[PDB]
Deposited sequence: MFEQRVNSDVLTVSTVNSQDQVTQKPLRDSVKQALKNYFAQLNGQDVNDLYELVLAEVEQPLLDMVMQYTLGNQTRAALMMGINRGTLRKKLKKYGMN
């Protein structure tokens, strides 16, 4: 009945003829390899595991982009400074 509002910009990486492929596929491949090594081992924190692998490079890139300005970083990210501060502290980036 109704369409949605979302950011439709793309995130891609290079693959090799060289072409781009969606970032989501890298996450997918990394998980396949992860399960392959796990071989039925117990895991109970996969969300946290993946999130840490993704948030760190994101925080660094946005901070680098805003030259360290946290106010503009929170704005660009669509998160309040409180949540931003919390994520940085979480990864020792304070």
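Peer 1: Got a list of the deposited-sequence ranges with no coordinates?
Peer 2: Comparing the full sequence with the modelled residues, the uncovered range comes out as just 17 to 20.
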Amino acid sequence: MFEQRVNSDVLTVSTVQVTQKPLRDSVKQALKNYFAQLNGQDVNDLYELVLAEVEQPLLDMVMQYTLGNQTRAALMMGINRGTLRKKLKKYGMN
From here on, numbers count along this sequence of modelled residues.
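Peer 1: With respect to the recorded C-alpha B factors, which stretch has the higher mean value, 30 to 38 or 55 to 63?
Peer 2: Mean B over CA atoms: larger for 30 to 38.
Peer 1: If you take the mean CA temperature factor per stretch, which one wins between 66 to 74 and 18 to 26?
Peer 2: Per the PDB entry, the higher value belongs to 66 to 74.
Peer 1: Should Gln4 be placed in the lowest, middle or highest third of its chain by the C-alpha B factor in the entry?
Peer 2: It falls in the middle third of the chain.
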